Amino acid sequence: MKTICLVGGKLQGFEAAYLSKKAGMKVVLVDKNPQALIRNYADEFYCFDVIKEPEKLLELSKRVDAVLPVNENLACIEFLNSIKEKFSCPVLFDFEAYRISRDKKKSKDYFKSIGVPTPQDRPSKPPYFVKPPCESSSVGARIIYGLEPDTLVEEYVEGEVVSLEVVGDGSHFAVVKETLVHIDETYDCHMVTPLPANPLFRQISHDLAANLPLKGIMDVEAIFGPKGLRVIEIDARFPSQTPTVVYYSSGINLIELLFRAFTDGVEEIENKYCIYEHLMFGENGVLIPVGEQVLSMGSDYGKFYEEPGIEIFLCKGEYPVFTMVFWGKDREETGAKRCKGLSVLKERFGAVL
């Protein structure tokens, strides 16, 4: 049995912990917040700030098999970069790739440098899409029909939002599984489903990884627009939501793949269906689709229910959020599991949908 140390116990942390458990690993969580979202889901929880008490993390590195940063606190990431050589185990992160991916303008410069299409900057005709340069989870992202000077202003690209994940070992780049990102009125993601292979998007994603070169994990997001694919962002950190869909649809565990990248290496390149979604239990049990910004306000996140083809997680707080995971051989069977999962909530917990 191997042990993974996660630095960060929110949404990235949950995803990493979930897949680590599927891989039969023990999960040690480090988080500065006593109310860290996944504190009770991890096998061990150590509450400290790694910047304030680095010696505690370095000591932990002697008794775990890897340390995975799963947060987007630049102060934390920059600090970890400064002490990474002192770790007694691998740090599963690409600091150079993250420096590029965290800044959307820097990323767009990178896309342009290797000839990858990306939305036009500063269009003359509405609608415009605006977003901050360095956020995530669609925070500050909005359509426009006194902005900060570094706000991105782009042409609004209509179409499907699609994600691919890539794990590189510095030499080989494993492009994994296409996923569809289902968006709500805030442009946040409330649902993820798998998609068939897209050779063009796979090649683009490979090239984005290869030109760094990536030793770590990165995802690529694109909009399949009316005039073709436009890459909107990359994020060189462990993603939330999509890795669960990747796991059930393709059989690939991204935590295992990332660990392999830093130990033995990776090789390039199941066809099953999966539905992953978030539903808030509103007033009187009204079920409402919500995105990650709502889950991020939660107080306690862990497993609620499981049967064959169904996993349900509950994010407690001011109105709970259920994260539902359904899988099966095809869309029909998966839809039937979704129906069963919802019926459990309906009959036993008074939900309405």
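The first residue of the sequence shown is number 1, and the count goes up from there. Basically, rigid core = biggest C-alpha set you can superpose within 1.5 Å across the two forms.
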**OP:** Would you say which of 201 to 209 and 148 to 156 moves more relative to the shown form in 5 other deposited structures of this protein, going by RMS C-alpha distance with the core superposed?
**Re:** 148 to 156
**OP:** Please say, as none, 1 to 3, 4 to 9, or 10 or more, how many residues of the deposited sequence are without coordinates in the interval between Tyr145 and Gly146.
**Re:** 4 to 9
**OP:** Going by the record, give me the number of deposited-sequence residues missing between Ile269 and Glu270 as none, 1 to 3, 4 to 9, or 10 or more.
**Re:** 4 to 9
**OP:** Would you determine, from the values in the PDB entry, which of 257 to 265 and 201 to 209 has the greater average C-alpha temperature factor?
**Re:** 257 to 265
**OP:** Could you check the entry and say whether 66 to 74 or 324 to 332 has the higher mean CA B-factor?
**Re:** 324 to 332
Subject >> Out of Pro243, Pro119, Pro127, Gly216, residue topping the C-alpha B-factor column of the entry >> reply: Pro127
Original post:
With respect to the C-alpha temperature factors reported in the PDB entry, which of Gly168, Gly228, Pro133, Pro194 ranks highest?
Top reply: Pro133
**OP:** Classify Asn33 as lowest, middle or highest third according to the C-alpha B-factor given in the PDB entry, relative to its own chain.
**Re:** lowest
**OP:** Among all modelled residues of this chain, ranked by Cα B factor, put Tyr319 in the bottom, middle or top third, i.e. lowest, middle or highest.
**Re:** highest
Original post:
Lowest, middle or highest third: where is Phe281 by C-alpha B factor in its chain?
Top reply: highest
Subject >> CA B-factor placement of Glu55, once the chain's modelled residues are sorted into thirds >> reply: highest
Original post:
With respect to C-alpha B-factor, does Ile114 fall in the lowest, middle or highest third of the chain as deposited?
Top reply: highest
